[PDB]
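Heads up, what comes next is one protein chain in two forms, each shown on its own as structure tokens, labelled structure 1 and structure 2.
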Structure 1
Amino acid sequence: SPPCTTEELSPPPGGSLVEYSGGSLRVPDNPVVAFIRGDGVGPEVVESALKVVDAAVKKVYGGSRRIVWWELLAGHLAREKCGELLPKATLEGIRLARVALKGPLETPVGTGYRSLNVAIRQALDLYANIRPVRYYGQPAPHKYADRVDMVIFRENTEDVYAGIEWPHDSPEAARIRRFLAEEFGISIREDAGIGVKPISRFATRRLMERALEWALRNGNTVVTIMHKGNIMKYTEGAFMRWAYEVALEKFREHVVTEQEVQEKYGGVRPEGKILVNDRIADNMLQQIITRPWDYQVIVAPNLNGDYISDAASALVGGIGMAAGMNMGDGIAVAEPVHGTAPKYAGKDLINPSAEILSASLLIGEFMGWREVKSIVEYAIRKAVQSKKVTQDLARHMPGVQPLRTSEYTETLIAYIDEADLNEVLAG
């Protein structure tokens, strides 16, 4: 059934394609959604996510909407069937559907860290990494976990993560050291490894526009630029300047800067406007710990985004529950932050929440089916409240017998099925 070649690519019979034209995504009510089971715990958590999503859509839409799941292959199932880890057909499949849910992939051989994931983002130009962090009532190390409700928009193509670097003892490094010294009078130690940190106007703008669009569509009232612009003036400082610039250029009537509030509006953010402000990166880390209620949408370059999203997830006791999505222009692939968890693969022990919440982000936010997100979040909060959870959560709760992955899936489905919509979908 799943395709190995371009010629074999055909979406399943009664699904219709999500389309993207004129800056606008068009989602039919019977949308094709690609899925990739991936590796390790991926197949298990992907299976759980499909079942929970199907139940959610039946529940809130009662037949007026249905997802048409389209299986594509990457990782070990692709090696088995197709003889390669990432068939071109899989890439073209995602491009055709525009939307995909995927499990984690193992890193091949001696290739880059998560090289398959990188190959996917690169082929599809998925420049924005989006990570929501919310609290579900779980045991958490943060006293203020219930005030953490954030999304990190992380530029995912540039920064030190771009891979531009050379070994200390390499002839490349020696050539750079000499170039730097003769041309610019810059001295770098002979025994120094060397990395390059590029940050561009183009990539910053694209990311900030997408962040601002999320804020407008979600009714967020603050977008915070996280940067180390005091020390790194021409990369991170520039990121900050360019991010402000595009906000004022393209969303002028929707935004006000902190600067403008504190000299034009008397400390009060006017009604109907998004506050766009900025925080020095190390201070930003302190601030989500100390005053998390002050932050909603966070916009960051690659590394900063990586750090702040991870810190936020830990605060809410959400490390293994964190969802994410990599988004381009009118195309998105959602997946959990966690890896393949090899020691849990196939044991029906893993928490499928991350994968479920990844589907919920894809369908609820990117595709616009908000009520699916509402009911899914409701179901997860209910399970947590009722102590009907997998071991990673249950071990922190006295007297509680942990659920198997499959049991927790059926528990979420029961809660979804039994939900009083008048209460769940209000406001």
Structure 2
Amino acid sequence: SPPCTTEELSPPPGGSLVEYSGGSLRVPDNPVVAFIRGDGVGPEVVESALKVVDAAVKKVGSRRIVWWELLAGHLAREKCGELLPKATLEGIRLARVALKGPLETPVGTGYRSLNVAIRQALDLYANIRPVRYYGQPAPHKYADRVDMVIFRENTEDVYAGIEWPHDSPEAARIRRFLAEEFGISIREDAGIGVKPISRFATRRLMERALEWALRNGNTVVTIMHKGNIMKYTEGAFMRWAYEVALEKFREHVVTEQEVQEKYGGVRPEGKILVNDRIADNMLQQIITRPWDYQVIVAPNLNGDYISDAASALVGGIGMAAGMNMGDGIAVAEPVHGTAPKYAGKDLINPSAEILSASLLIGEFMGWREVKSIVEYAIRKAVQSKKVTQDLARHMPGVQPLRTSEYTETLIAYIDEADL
């Protein structure tokens, strides 16, 4: 029975907890990993994920995941009478690692995003969204040239939730303050939002992007910003990112505005090109010239937009994995949300949730092999035309498979593999 309160404290029976100390992380081969089923298609895809990884971890014995169910969204509301229990947040903070499905957020009305509350409460400041081609039917002619990682700032920007309705007294006070003190005029019938971008949040992120690039061998890191129009938030974001790159990683980093002076127009091998692109231009560039970009560093909103756009190029967000990464704590979560029209239809693509599960367990926790069996199986299922409707659409002849039958295909690919 899943925990409703802080009083209901209870790591699953036969499992030690993941630990974090001195910088390093310890994964006991007996780890507790928290799971939230989520909303809409969520329960469907989370149910694939554990099943699928439970077959993967079984191949290459010493280990096994003990899944620990925590409640958020409709299931928390049906059981605890609230949407995001203190305990759910505590329980992830205790397990240190979690896998979550999508949570519903109402538009214009209702409660603030529970996905954002989790990211903000748990300080998961880096949203890491790899964009990869696995052979799936795709709308982009050169989808196989997209191989990217988005480092999306996960705490501030308009996501801070600072805004007031147009007809609130609070909006009217801000209108009055801005008119009297700075001579700024805002219409009486305007809603008002505030956009903060800080030095601390952007540096933090850029540093993680930098080290991610050095660990994987990435050679280009691109800052996506609309700094020509928003000089003091987006432009500042760009300046602060360049600054840390040159301060802490000088030897590993080069500028474009330098390559064209000291390196005769060509990026020297062993040195990461650090460049930047105006946000609308960046959207065009991933479409027109995808092979020229690798690590993309963005404030919260730009990062949200670019990651959805890039995943669509390679087949849609049905394949799009994610990781909300903080210092010694991560929560795996697909790019895609709730997809309510597909909710209880056995149609949805579980790949994104499975690959988030693999990104957590593989890259973060350290079980690299679960990543590759993880990748091999999807690759095989894909490069054979056994796919859910979202991929099957972008190809003639290809009959589509249900969620359950796609997952039972993956399972068989895992159990029957030459390691």
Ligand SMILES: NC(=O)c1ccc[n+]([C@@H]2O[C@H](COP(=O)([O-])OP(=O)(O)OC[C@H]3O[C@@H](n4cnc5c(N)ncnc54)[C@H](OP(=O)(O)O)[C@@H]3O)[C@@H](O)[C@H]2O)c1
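Numbering for residues begins at 1 and runs along the sequence of structure 1.
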- Query: So which is it, 1 or 2, that shows the form deposited with this ligand bound?
  - Reply: 2
- Item | Which entry of 37, 323, 150, 225 falls at the hinge, with the rigid parts compared between structures 1 and 2 | 323
- The rotation of the smaller rigid part relative to the larger between structures 1 and 2, from C-alpha superposition and in whole degrees, comes to 16
